[PDB]
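Form solved without ligand ADP, single chain, as structure tokens, below.
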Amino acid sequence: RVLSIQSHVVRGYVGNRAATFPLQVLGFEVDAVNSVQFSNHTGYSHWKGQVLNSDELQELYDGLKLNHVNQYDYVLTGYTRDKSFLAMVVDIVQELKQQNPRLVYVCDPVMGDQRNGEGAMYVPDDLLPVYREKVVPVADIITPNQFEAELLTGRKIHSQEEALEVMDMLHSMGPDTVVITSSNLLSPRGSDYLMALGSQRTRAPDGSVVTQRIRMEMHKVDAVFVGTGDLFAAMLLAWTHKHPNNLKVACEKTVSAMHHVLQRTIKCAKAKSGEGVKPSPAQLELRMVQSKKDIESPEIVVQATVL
């Protein structure tokens, strides 16, 4: 079903460790290529491990070709630091497109994050061109930051309408689906929340247009989590699966599950930390296992609005 090219960590949930349980517990046949194998994410004090290069990635895809098992339903990628690695990935995703007409490519274009004023990049700046020029033109679903969206389109978002028009710039780039997973925009409910935007432009009979758009708002949480976005794109794959043309119906359940997972995480997290000290990166690790049930059967405790 899915060819997930992401990272692996012995401990915690980031990358492939954040996307495989779900996609699996949902019932997707997940094939995983670990871009790196680190002992834990780089937010802990120390960390060690190895990274995979372009040839090594090449090697594994090769293996899959020779056994004629290189046929995929979906392809999911995320955080990378090697421009070459990212490049190599585009080639692969192409061919895989020739075997199965359209195995949707779900791409989380991880580049950095925003705080009210501007942003802080995670990756070196040279990756920017590749995502903009080579990557995005082939992705079929993308889940960027506001920062990330701004970096791709080159346009800075100051309001909601400005936002919808930057998504369009994205659509015409290729992705018939765009979902700004978070933003600095205040929302119709106070800074007590987080706003995310969603828009899919479904070609159709011969009017040649249709474009849907909604706006979910999740109850912000008082903590710093690593991996939330990998968990996001994973489930978005699950759900937008059952409801191809229902950009609304998906996020709705996708976002739903995260509030669950997160608060149980936060809850537990605290439970562990005394009541006058910040939980460490260690205790903040997504209680993935324990959301065994939530992830599969969501309480649609969120709702949005078309436009």
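Only residues modelled in both forms are compared. In this text, the rigid core denotes the largest set of C-alpha atoms whose superposition between the two forms falls within 1.5 Å. The first residue of the sequence shown is number 1, and the count goes up from there.
The same protein has a further form, the form solved in complex with ligand ADP, not shown here; the description that follows concerns it.
Trainee: Identify which of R102, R189, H219, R203 has a heavy atom within 4.5 Å of ligand ADP in the deposited complex; exactly one of them does.
Mentor: In short, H219.
Trainee: Note which of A238, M258, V33, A269 lies within 4.5 Å of ligand ADP in the deposited complex, where distance is taken over heavy atoms; exactly one does.
Mentor: Filtering the options by heavy-atom distance leaves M258.
Trainee: Look at the stretches 207-215, 170-178, 124-132, 226-234 and give the one with heavy atoms within 4.5 Å of ligand ADP in the deposited complex.
Mentor: Among the listed stretches, the partner-contacting one is 226-234.
Trainee: Give a yes or no on whether every one of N145, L194 and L262 sits within 4.5 angstroms of ligand ADP in the deposited complex by heavy atom.
Mentor: Looking in the deposited complex, the three residues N145, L194 and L262 all sit within 4.5 Å of ligand ADP (heavy atoms).
Trainee: Evaluate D73 for contact with ligand ADP in the deposited complex, applying a 4.5 angstroms cut-off between non-hydrogen atoms, and reply yes or no.
Mentor: Residue-level check for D73: no, no contact with ligand ADP.
Trainee: If we define contact as a non-hydrogen atom of the residue within 4.5 angstroms of the partner, is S182 a contact of ligand ADP in the deposited complex?
Mentor: Heavy-atom contact with ligand ADP at 4.5 Å: present for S182.
Trainee: Can any non-hydrogen atom of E165 be found within 4.5 angstroms of ligand ADP in the deposited complex?
Mentor: Close contact is absent here: in the deposited complex, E165 is far from ligand ADP, nothing within 4.5 Å, heavy atoms only.
Trainee: Please determine whether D113 contacts ligand ADP in the deposited complex, using a 4.5 Å cut-off between heavy atoms.
Mentor: Close contact exists here: in the deposited complex, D113 approaches ligand ADP to within 4.5 Å, heavy atoms only.
Trainee: Taking the rigid core as the superposition reference, indicate whether the CA of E118 shifts 2 angstroms or more between this form and the one not shown.
Mentor: Comparing the forms between this form and the one not shown, which are aligned on their rigid core, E118 does shift its C-alpha by 2 Å or more.
Trainee: Tell me whether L197 and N116 end up closer or farther apart in the deposited complex, going by their C-alpha atoms; the shift is 3 Å or more.
Mentor: Relative to this form, farther apart in the deposited complex.
Trainee: Given a change of 3 Å or more, say if the Cα atoms of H219 and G117 sit closer or farther in the deposited complex than in this form.
Mentor: It is closer: the C-alpha separation of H219 and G117 falls by at least 3 Å in the deposited complex.
Trainee: Report the moving segments between this form and the one not shown: consecutive residues, 3 or more per run, each with a CA shift of 2 Å or more after superposition on the core, given in sequence order.
Mentor: The runs that move are 45-47, 113-119, 205-208.
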